[PDB]
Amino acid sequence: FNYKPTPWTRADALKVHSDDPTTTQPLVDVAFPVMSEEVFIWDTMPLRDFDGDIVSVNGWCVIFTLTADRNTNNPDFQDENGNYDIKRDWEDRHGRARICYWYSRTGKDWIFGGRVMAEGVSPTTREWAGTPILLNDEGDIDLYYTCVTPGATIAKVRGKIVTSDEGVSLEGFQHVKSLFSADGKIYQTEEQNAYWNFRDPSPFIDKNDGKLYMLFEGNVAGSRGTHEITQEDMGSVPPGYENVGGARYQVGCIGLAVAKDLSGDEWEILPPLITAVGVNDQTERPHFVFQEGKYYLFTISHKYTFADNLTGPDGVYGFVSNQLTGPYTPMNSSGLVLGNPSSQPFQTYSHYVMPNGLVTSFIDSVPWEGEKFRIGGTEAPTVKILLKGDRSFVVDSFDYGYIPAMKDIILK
């Protein structure tokens, strides 16, 4: 606990630039293909090891997805004229979220595997995002995920992957351990704020101290509307930029916890690494890339969760430090790493930057015709970025849902 969070300040957010082609996702084809007519996917969680490397097993790449049925022929998802309401179906998906797995030898053209957990295993019906960790070369996996409604609880469930020449099976994801919820002194609770953010575990082992940590999305503790916007939250804003409007309502942070030992069954909540008080309510899906001795800390956020008199695109923001606990500097001087183009501002979401520079996202909403839009619920084209010191550059584009492994684990 002997470090201070690094604030992402109003001054930093004033540097955010939409449509910088070095930090903008290429336009999604409005005629994009869909990976499944039966299911929607969104948040995609590649199988990884404790350092962030994407791993295949016996040559099979694996992804875990937040997943819901498409209610195309479900009377309950017809409007008053009896027609399928894809918008209502898509916006309802959060309440229906389940974690499923897919597999592929190529890192694309994913084969559907089905549910990770049998219905009823998850303490909450909703299964929200986290990270699947391959623990060893015996195929043991810990899926860290979020249990939502009632409350918001980071949890884990341990199972096994089995492979053959024809595919992959997941087995034994039967026992969920609840790890922790918001505490109220460091991280905001439901009691303090009905709209509190607490989700998306991303565990890692730090070789500098050998300890098992996790990132997660939180908010800074305190009753909704009471937070002080400090000079450190402002940063060095220019003349005329002192009016923050209702910015005290935006209190996102990247939380950190440490495991009592490497089993990861017991956790100690620590101060956050990044705070965005007066800047953004949502620093979602925090994840590291460890490169050239540096800590690259990425988080996803929304245009519409910026505080008054700031703005930026939906997409991936990031920070870099030489030390786990900071100080951090914003990537590309503003924080923005990969934003949606302003002509298709909601085309993709849940950007996830992998250590190979590949960034996956799902297709959300693309402008279609007049005021119509197309809903995705399918993978977006993967983007490749280069990380160079405290800057990033878009340098290539790949197929829809291309998420190759960085190394292949041979099971024993």
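One-based numbering along the sequence shown.
Note on 239 to 247 vs 141 to 149: mean CA B-factor is higher in 239 to 247.
Averaged over Cα atoms, the B-factor as recorded in the entry is higher for 370 to 378 than for the other of 62 to 70 and 370 to 378. Residue set 293, 255, 330, 201: peak C-alpha B-factor at 293 (per PDB entry).
Of all the options 166, 127, 314, 217, the entry's greatest CA B-factor is assigned to 166. Ranked within its chain, residue 52 lands in the highest third, by CA B factor from the PDB record. Among all modelled residues in this chain, the alpha-carbon of residue 289 has a temperature factor (C-alpha) in the lowest third. Residue 194 sits in the highest third of its chain by CA B factor, as recorded in the PDB entry. When the modelled residues of the chain are ordered by their C-alpha B factor, residue 75 lands in the highest third. Ranked by C-alpha B-factor against the other modelled residues of its chain, residue 358 falls in the lowest third.
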